[PDB]
Amino acid sequence: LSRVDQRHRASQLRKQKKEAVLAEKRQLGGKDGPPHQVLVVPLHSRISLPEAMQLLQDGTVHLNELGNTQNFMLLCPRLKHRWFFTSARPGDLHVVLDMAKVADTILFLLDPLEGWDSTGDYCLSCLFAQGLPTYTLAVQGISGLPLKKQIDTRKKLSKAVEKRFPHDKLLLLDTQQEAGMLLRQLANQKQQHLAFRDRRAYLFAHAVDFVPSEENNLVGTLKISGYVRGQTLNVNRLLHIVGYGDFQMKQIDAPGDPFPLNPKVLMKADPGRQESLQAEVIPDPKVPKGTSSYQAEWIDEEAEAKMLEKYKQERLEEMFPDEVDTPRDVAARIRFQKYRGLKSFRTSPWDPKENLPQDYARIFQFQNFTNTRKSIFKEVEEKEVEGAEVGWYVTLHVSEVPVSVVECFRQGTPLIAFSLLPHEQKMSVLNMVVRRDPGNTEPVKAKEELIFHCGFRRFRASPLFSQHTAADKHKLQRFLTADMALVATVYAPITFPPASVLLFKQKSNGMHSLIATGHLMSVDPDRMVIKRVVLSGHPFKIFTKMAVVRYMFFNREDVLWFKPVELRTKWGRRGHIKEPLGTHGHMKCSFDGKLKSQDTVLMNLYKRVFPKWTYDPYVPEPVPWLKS
Amino acid sequence: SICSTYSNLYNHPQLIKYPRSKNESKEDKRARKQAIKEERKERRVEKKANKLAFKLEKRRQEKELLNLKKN
Amino acid sequence: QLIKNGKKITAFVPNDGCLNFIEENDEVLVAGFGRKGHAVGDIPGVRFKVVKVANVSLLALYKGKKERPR
Amino acid sequence: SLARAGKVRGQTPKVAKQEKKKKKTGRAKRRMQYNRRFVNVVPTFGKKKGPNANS
RNA sequence: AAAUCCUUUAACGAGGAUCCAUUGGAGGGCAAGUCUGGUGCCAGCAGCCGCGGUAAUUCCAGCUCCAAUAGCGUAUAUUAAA
RNA sequence: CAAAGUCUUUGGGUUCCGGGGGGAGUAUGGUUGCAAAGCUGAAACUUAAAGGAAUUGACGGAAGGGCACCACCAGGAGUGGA
């Protein structure tokens with residue numbers, strides 16, 4: 001407690017934090033980092049990115065290319081730094097979302113006369129929702145105008161971008177010295193540590209070779225040679241490629257770096273005893289002939305029609321909460337067979353181990369999720385496994401890929417490869433909290449077949465949408481509500497949070513249009529969804545606290561079937577039913593308040609609901625996106 | 001058969017379980033007085049130390065209630 | 001938890017349903033409430049009305065005029 | 001105990017905005033707020049109908 | 001210095017869905033709704049008092065209105081009220 | 001209340017001392033004492049009231065009166081039993 005000793009404490013704290021920062025900066029880019037990787041996204045159409053990249057290219061270049069795309073290595077010892085540029089087109093939703101989830105600094109190129117473009121807006125909302133590693137804006141046509149329109153064009157840019165990107169300066173590119181300034185900029189930049197990527201180990205694919213087992217098998221050894229950017233990739237673990245499912249690999253080896261900072265041997269084998277294997281599901285499989293019983297007891301455009309019927313049902317289930325018109329011919333206790341009423345929706349119990357389908361025999365339920373996650377992340381952090389470290393230019397010989405993967409890479413599509421943590425390939429019940437972007441106003445029903453990006457995956461699925469409360473019973477939603485945040489739920493592979501939740505929908509022929517976006521809640525089948533049904537009525541005889549209501553049933557013993565379930569009333573009154581009277585649907589009901597003639601007596605019925613089993617892993621190849 | 005049924009628990013998923021008389025004299029009264037002296041002294045040494053003990057105990061419990069306020 | 005000293009803090013989110021905006025481990029500009037450190041009338045032992053969630057405010061997210069990076 | 005999250009926001013019948021014309025903005029609003037109060041005034045016995053006298 | 005802006009000026013440039021004005025509020029302090037619909041001690045509002053347990057002057061939306069107005073909120077230090 | 005007066009028409013000298021209520025006369029330190037304890041003396045946090053005079057009398061588990069066979073006594077008829 002003095003002038004000197006507390007300045008000394010300030011000195012110790014500065015030493016601690018600067019040591020931490022110089023620990024985390026040198027190990028990304030350079031003589032330990034793999035390279036520093038920059039992805040390039042223009043937005044408009046007027047950007048001639050060959051002119052951009054040829055201003056940007058120069059140091060020493062090392063020019064790779066692909067069939068269509070053209071990524072390359074860049075090296076300068078002057079800054080002692082490795083860049084790896086990779087160019088992309090917006091709208092190419094598959095390619096951009098597959099290689100900006102493993103990119104490490106995103107460079108947005110912009111036209112001078114306006115900000116985003118609509119295809120770029122689409123990709124921009126996608127990249128916002130799956131996590132920006134680091135953005136850095138740029139423009140190209142500013143030198144072509146003298147000072148007047150130059151300054152005013154920059155002001156129009158900073159006004160047209162600060163409604164989306166609130167604070168950033170526009171580093172212009174006209175000269176190759178502007179490219180030098182841009183590279184000096186992108187060398188020293190605070191990398192937002194994306195929390196999903198660091199908890200695993202992921203390779204990019206710099207080169208792909210293929211050796212088939214037999215060529216008619218169309219299965220064979222894949223050869224991914226690239227760097228390692230995550231944790232220490234262990235060899236007993238599995239591997240996933242983001243476009244073509246998950247599959248277990250055979251050989252890791254470390255050939256030399258083809259491109260150093262300045263100018264067949266393997267370290268590990270498989271052994272299958274410890275190597276976890278591909279068990280995607282549970283691997284275990286004198287009455288008279290005349291008289292009745294009475295006296296005997298005394299003894300193209302159909303799609304638009306479907307759309308308009310969906311808008312009708314969103315009106316009839318959004319003007320109204322969950323109103324259901326009553327059946328008339330079938331006995332109304334049979335069609336509502338497995339319905340039971342709760343007195344209070346929050347409080348009254350409901351056994352979570354009661355009515356499990358035949359498909360709940362094919363899931364892995366965690367007992368304690370949070371501590372198992374802490375144990376797995378604790379083994380990730382403070383341990384060292386026997387596999388190769390970060391930065392190691394390694395090749396993986398993967399045993400069991402098909403050939404069309406190799407052909408899609410020879411097109412120019414990027415492959416990635418991230419390993420799995422223990423219990424990440426098995427299927428269970430996934431719960432995603434999610435909201436709706438105001439880009440699409442299309443109705444999205446309950447069991448719509450959609451496409452998910454839940455944490456570096458790509459799969460068609462069929463959810464059930466829910467209220468998002470931290471209680472036991474959660475209500476089923478019957479449409480995607482345009483402004484609340486809901487919970488979708490799907491049979492799917494299990495994935496440890498955090499993870500971004502993209503959802504898009506086929507408009508027509510591969511036009512994946514974005515609808516929903518969010519993050520990954522607790523994954524467990526115990527969260528049971530409760531589907532509600534409101535049965536309506538009308539109080540056509542009104543006495544003091546007792547009323548006769550019709551149009552809610554049509555038999556008599558239906559009321560004898562739904563007898564203990566309490567009514568409720570839009571004016572707040574909480575009564576419950578007495579005897580029925582009619583042979584048609586009619587009943588007397590006790591109440592607490594007096595009943596208005598402008599009333600709608602209505603009861604509630606509940607069941608447990610659960611999603612359908614669709615985990616078709618393949619996703620159809622998207623087309624370039626355009627405006628509606 | 002009206003608002004209740006069987007629905008037993010069957011088939012679940014794969015759970016990955018984690019006094020002074022007249023005739024006394026000098027040194028006869030005084031042994032009794034000195035015994036009362038040592039009784040009173042050791043007894044109030046006890047009382048002082050236990051008041052300090054419950055001071056410590058009240059203080060640590062109100063620290064825990066402060067912690068429960070904040071956390 | 002804050003950054004700049006390591007103190008842990010309870011803070012408040014103003015509008016309805018805006019807890020859905022925030023996920024764990026996100027940069028939140030915590031701002032205080034107005035009675036200089038005293039609690040609000042209804043809420044016991046809560047000091048601080050959070051404004052910003054990852055460099056955008058809650059008054060834009062509550063009106064939907066912007067979107068939230070992560 | 002986190003009970004519910006956002007129950008009253010998205011469960012209103014989401015009534016969108018109607019169409020009007022603009023206000024006069026700047027000085028002409030002050031010309032209106034002067035003439036609406038102190039020129040075409042009605043002589044009033046108790047002054048109970050306020051500027052938003054809505055039933 | 002050489003320019004840009006400012007000033008001076010040729011030519012185009014005004015019918016209101018435009019060349020469009022927002023930020024807060026409408027129980028009291030405190031200026032202005034017992035208007036209409038939803039939610040129903042929940043979600044929430046609120047600087048304090050209080051509201052909301054089903055006809056809600058406070059919530060959430062529209063419409064109207066208020067104060068300021070190209071500026072207005074909120075947090076914090078501080079001063080007057082003290 | 002003959003001072004608890006000569007005080008916004010605010011200045012005769014002069015000492016101690018109070019700034020919402022709790023936390024608290026607790027900590028902790030110094031000091032005195034053989035000891036119990038005495039003197040001086042916090043803060044973290046919490047709460048919108050705690051309090052002071054007077055003022056009505058729903059409630060009396062407070063007391064007195066006064067009435068009634070939709071009260072009792074003395075009794076009748078009973079009902080309640082089938």
# chains A, B, ... in the order shown; residues from 1 in each chain; ligands from 1
$ residues_around --residues "residue 47 of chain E" --least-positions-apart "4" --cutoff "12 Å" --atoms "only C-alpha atoms (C1' of nucleotides)" --output "list in words"
residues 33, 34, 35, 36, 38, 39, 40 and 41 of chain C; 29 and 74 of chain E
$ interface_residues --of "chain C" --to "chain B" --cutoff "8 Å" --atoms "only C-alpha atoms" --output "ChimeraX atom specification"
/C:9-10,45
$ select_by_dssp --residues "chain C" --states "helix (DSSP H, G or I)" --output "ChimeraX atom specification"
/C:18-20,58-61
$ residues_around --residues "residue 59 of chain B" --least-positions-apart "5" --cutoff "12 Å" --atoms "only C-alpha atoms (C1' of nucleotides)" --output "list in words"
residues 52, 53, 54, 64, 65 and 66 of chain B; 23, 26 and 27 of chain F
$ residues_around --residues "residue 415 of chain A" --least-positions-apart "2" --cutoff "7 Å" --atoms "only C-alpha atoms (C1' of nucleotides)" --output "PDB file with N, CA and C atoms, in the first residue's frame"
ATOM      1  N   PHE A 204      -6.463 -27.805 -43.455  1.00  0.00           N
ATOM      2  CA  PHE A 204      -6.952 -27.452 -44.766  1.00  0.00           C
ATOM      3  C   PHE A 204      -6.419 -28.506 -45.733  1.00  0.00           C
ATOM      4  N   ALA A 205      -6.896 -28.495 -46.973  1.00  0.00           N
ATOM      5  CA  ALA A 205      -6.384 -29.382 -48.008  1.00  0.00           C
ATOM      6  C   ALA A 205      -5.617 -28.550 -49.026  1.00  0.00           C
ATOM      7  N   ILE A 241     -14.572 -34.856 -43.383  1.00  0.00           N
ATOM      8  CA  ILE A 241     -14.504 -33.826 -44.412  1.00  0.00           C
ATOM      9  C   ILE A 241     -15.884 -33.202 -44.557  1.00  0.00           C
ATOM     10  N   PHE A 409     -12.758 -31.685 -55.708  1.00  0.00           N
ATOM     11  CA  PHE A 409     -11.573 -30.883 -55.422  1.00  0.00           C
ATOM     12  C   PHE A 409     -10.866 -30.469 -56.704  1.00  0.00           C
ATOM     13  N   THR A 413     -13.350 -26.859 -55.548  1.00  0.00           N
ATOM     14  CA  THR A 413     -13.998 -26.775 -54.250  1.00  0.00           C
ATOM     15  C   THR A 413     -12.983 -27.104 -53.166  1.00  0.00           C
ATOM     16  N   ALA A 417     -10.569 -30.744 -43.199  1.00  0.00           N
ATOM     17  CA  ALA A 417     -10.626 -31.987 -42.446  1.00  0.00           C
ATOM     18  C   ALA A 417     -10.424 -31.689 -40.975  1.00  0.00           C
TER      19      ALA A 417
END
$ interface_residues --of "chain D" --to "chain E" --cutoff "10 Å" --atoms "only C-alpha atoms (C1' of nucleotides)" --output "JSON, numbers by chain"
{"D": [3, 4, 5, 6, 7, 8, 9, 10, 11, 12, 13, 14, 15, 16, 17, 18, 19, 20, 21, 22, 23, 24, 25, 26, 50, 51, 52, 53, 54, 55]}
$ interface_residues --of "chain B" --to "chain A" --cutoff "9 Å" --atoms "only C-alpha atoms" --output "list in words"
residues 1, 2, 3, 4, 7, 8, 9, 10, 11, 12, 13, 14, 15, 16, 17 and 18 of chain B
$ write_last_selection --atoms "C-alpha atoms" --output "PDB file, in the first residue's frame"
ATOM      1  CA  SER B   1     -60.456 -45.839 -18.158  1.00  0.00           C
ATOM      2  CA  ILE B   2     -61.347 -42.140 -18.172  1.00  0.00           C
ATOM      3  CA  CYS B   3     -58.360 -39.918 -17.395  1.00  0.00           C
ATOM      4  CA  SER B   4     -55.686 -42.497 -16.581  1.00  0.00           C
ATOM      5  CA  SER B   7     -48.084 -46.329 -19.963  1.00  0.00           C
ATOM      6  CA  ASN B   8     -45.273 -48.069 -18.077  1.00  0.00           C
ATOM      7  CA  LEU B   9     -41.548 -47.381 -18.407  1.00  0.00           C
ATOM      8  CA  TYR B  10     -40.261 -49.624 -21.192  1.00  0.00           C
ATOM      9  CA  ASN B  11     -37.383 -49.146 -23.698  1.00  0.00           C
ATOM     10  CA  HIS B  12     -35.021 -46.167 -23.399  1.00  0.00           C
ATOM     11  CA  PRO B  13     -32.010 -44.712 -25.266  1.00  0.00           C
ATOM     12  CA  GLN B  14     -28.304 -45.446 -24.796  1.00  0.00           C
ATOM     13  CA  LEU B  15     -27.368 -43.477 -21.681  1.00  0.00           C
ATOM     14  CA  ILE B  16     -23.649 -42.732 -21.429  1.00  0.00           C
ATOM     15  CA  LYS B  17     -23.496 -42.687 -17.626  1.00  0.00           C
ATOM     16  CA  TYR B  18     -20.706 -40.303 -16.634  1.00  0.00           C
TER      17      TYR B  18
END
$ interface_residues --of "chain F" --to "chain C" --cutoff "10 Å" --atoms "only C-alpha atoms (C1' of nucleotides)" --output "ChimeraX atom specification"
/F:45-48
$ write_last_selection --atoms "N, CA, C and O atoms (P, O5', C5', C4', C3', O3' and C1' of nucleotides)" --output "PDB file, in the first residue's frame"
ATOM      1  P     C F  45     -19.578  -2.382  -1.732  1.00  0.00           P
ATOM      2  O5'   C F  45     -20.904  -3.075  -1.193  1.00  0.00           O
ATOM      3  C5'   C F  45     -21.153  -4.444  -1.454  1.00  0.00           C
ATOM      4  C4'   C F  45     -21.958  -5.074  -0.353  1.00  0.00           C
ATOM      5  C3'   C F  45     -23.432  -4.721  -0.332  1.00  0.00           C
ATOM      6  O3'   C F  45     -24.201  -5.509  -1.219  1.00  0.00           O
ATOM      7  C1'   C F  45     -22.529  -4.503   1.844  1.00  0.00           C
ATOM      8  P     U F  46     -25.492  -4.881  -1.937  1.00  0.00           P
ATOM      9  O5'   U F  46     -26.550  -4.687  -0.763  1.00  0.00           O
ATOM     10  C5'   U F  46     -27.131  -5.800  -0.100  1.00  0.00           C
ATOM     11  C4'   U F  46     -27.963  -5.355   1.074  1.00  0.00           C
ATOM     12  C3'   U F  46     -29.140  -4.463   0.731  1.00  0.00           C
ATOM     13  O3'   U F  46     -30.279  -5.231   0.400  1.00  0.00           O
ATOM     14  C1'   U F  46     -27.928  -3.556   2.564  1.00  0.00           C
ATOM     15  P     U F  47     -31.341  -4.691  -0.667  1.00  0.00           P
ATOM     16  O5'   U F  47     -32.143  -3.573   0.125  1.00  0.00           O
ATOM     17  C5'   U F  47     -32.984  -3.930   1.209  1.00  0.00           C
ATOM     18  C4'   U F  47     -33.423  -2.719   1.989  1.00  0.00           C
ATOM     19  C3'   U F  47     -33.998  -1.572   1.183  1.00  0.00           C
ATOM     20  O3'   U F  47     -35.352  -1.795   0.835  1.00  0.00           O
ATOM     21  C1'   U F  47     -32.514  -0.750   2.846  1.00  0.00           C
ATOM     22  P     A F  48     -36.013  -1.012  -0.397  1.00  0.00           P
ATOM     23  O5'   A F  48     -36.523   0.347   0.251  1.00  0.00           O
ATOM     24  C5'   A F  48     -37.540   0.321   1.243  1.00  0.00           C
ATOM     25  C4'   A F  48     -38.041   1.701   1.583  1.00  0.00           C
ATOM     26  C3'   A F  48     -38.847   2.410   0.493  1.00  0.00           C
ATOM     27  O3'   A F  48     -39.879   3.186   1.105  1.00  0.00           O
ATOM     28  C1'   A F  48     -37.020   3.745   1.114  1.00  0.00           C
TER      29        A F  48
END
$ residues_around --residues "residue 193 of chain A" --least-positions-apart "6" --cutoff "12 Å" --atoms "only C-alpha atoms (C1' of nucleotides)" --output "ChimeraX atom specification"
/A:24-25,28,102-105,131-134,199,230 /C:25-26,70
$ residues_around --residues "residue 3 of chain E" --least-positions-apart "2" --cutoff "12 Å" --atoms "only C-alpha atoms (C1' of nucleotides)" --output "PDB file with N, CA and C atoms (P, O5', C5', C4', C3', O3' and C1' of nucleotides), in the first residue's frame"
ATOM      1  N   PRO A 146     -10.684  12.622 -59.110  1.00  0.00           N
ATOM      2  CA  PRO A 146      -9.961  13.632 -58.336  1.00  0.00           C
ATOM      3  C   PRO A 146     -10.666  13.908 -57.021  1.00  0.00           C
ATOM      4  N   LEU A 147     -10.064  14.832 -56.257  1.00  0.00           N
ATOM      5  CA  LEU A 147     -10.229  14.921 -54.804  1.00  0.00           C
ATOM      6  C   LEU A 147     -11.681  15.106 -54.362  1.00  0.00           C
ATOM      7  N   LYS A 148     -12.484  15.816 -55.161  1.00  0.00           N
ATOM      8  CA  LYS A 148     -13.868  16.129 -54.816  1.00  0.00           C
ATOM      9  C   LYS A 148     -14.736  14.889 -54.668  1.00  0.00           C
TER      10      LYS A 148
ATOM     11  P     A E   1      -0.379  30.478 -51.007  1.00  0.00           P
ATOM     12  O5'   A E   1       0.409  29.434 -51.912  1.00  0.00           O
ATOM     13  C5'   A E   1       1.490  29.872 -52.713  1.00  0.00           C
ATOM     14  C4'   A E   1       2.370  28.737 -53.174  1.00  0.00           C
ATOM     15  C3'   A E   1       1.785  27.802 -54.206  1.00  0.00           C
ATOM     16  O3'   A E   1       1.819  28.352 -55.503  1.00  0.00           O
ATOM     17  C1'   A E   1       2.972  26.569 -52.567  1.00  0.00           C
ATOM     18  P     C E   5     -14.541  22.528 -54.566  1.00  0.00           P
ATOM     19  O5'   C E   5     -14.812  22.973 -53.062  1.00  0.00           O
ATOM     20  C5'   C E   5     -15.473  22.107 -52.157  1.00  0.00           C
ATOM     21  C4'   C E   5     -15.494  22.681 -50.766  1.00  0.00           C
ATOM     22  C3'   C E   5     -16.243  23.988 -50.608  1.00  0.00           C
ATOM     23  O3'   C E   5     -17.641  23.797 -50.522  1.00  0.00           O
ATOM     24  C1'   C E   5     -14.182  24.104 -49.447  1.00  0.00           C
TER      25        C E   5
END
$ closest_atom_pairs --of "chain A" --to "chain E" --cutoff "10 Å" --atoms "only C-alpha atoms (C1' of nucleotides)" --output "Markdown table"
| residue | atom | partner | partner_atom | distance |
| --- | --- | --- | --- | --- |
| A:146 | CA | E:4 | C1' | 9.8 |
| A:147 | CA | E:4 | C1' | 7.0 |
| A:148 | CA | E:4 | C1' | 6.8 |
| A:151 | CA | E:4 | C1' | 9.7 |
| A:319 | CA | E:38 | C1' | 9.6 |
| A:569 | CA | E:54 | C1' | 9.6 |
| A:570 | CA | E:54 | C1' | 7.8 |
| A:571 | CA | E:54 | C1' | 5.4 |
| A:572 | CA | E:54 | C1' | 4.9 |
| A:573 | CA | E:54 | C1' | 8.1 |
$ residues_around --residues "segment 541-553 of chain A" --least-positions-apart "4" --cutoff "6 Å" --atoms "only C-alpha atoms (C1' of nucleotides)" --output "PyMOL selection string"
chain A and resi 536-537+585-592+594
$ atom_distance --atom1 "atom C1' of residue 1 of chain F" --atom2 "atom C1' of residue 16 of chain F"
24.5 Å
$ atom_distance --atom1 "atom CA of residue 250 of chain A" --atom2 "atom CA of residue 454 of chain A"
26.7 Å
$ interface_residues --of "chain B" --to "chain F" --cutoff "9 Å" --atoms "only C-alpha atoms (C1' of nucleotides)" --output "PyMOL selection string"
chain B and resi 41+44+48+55+66
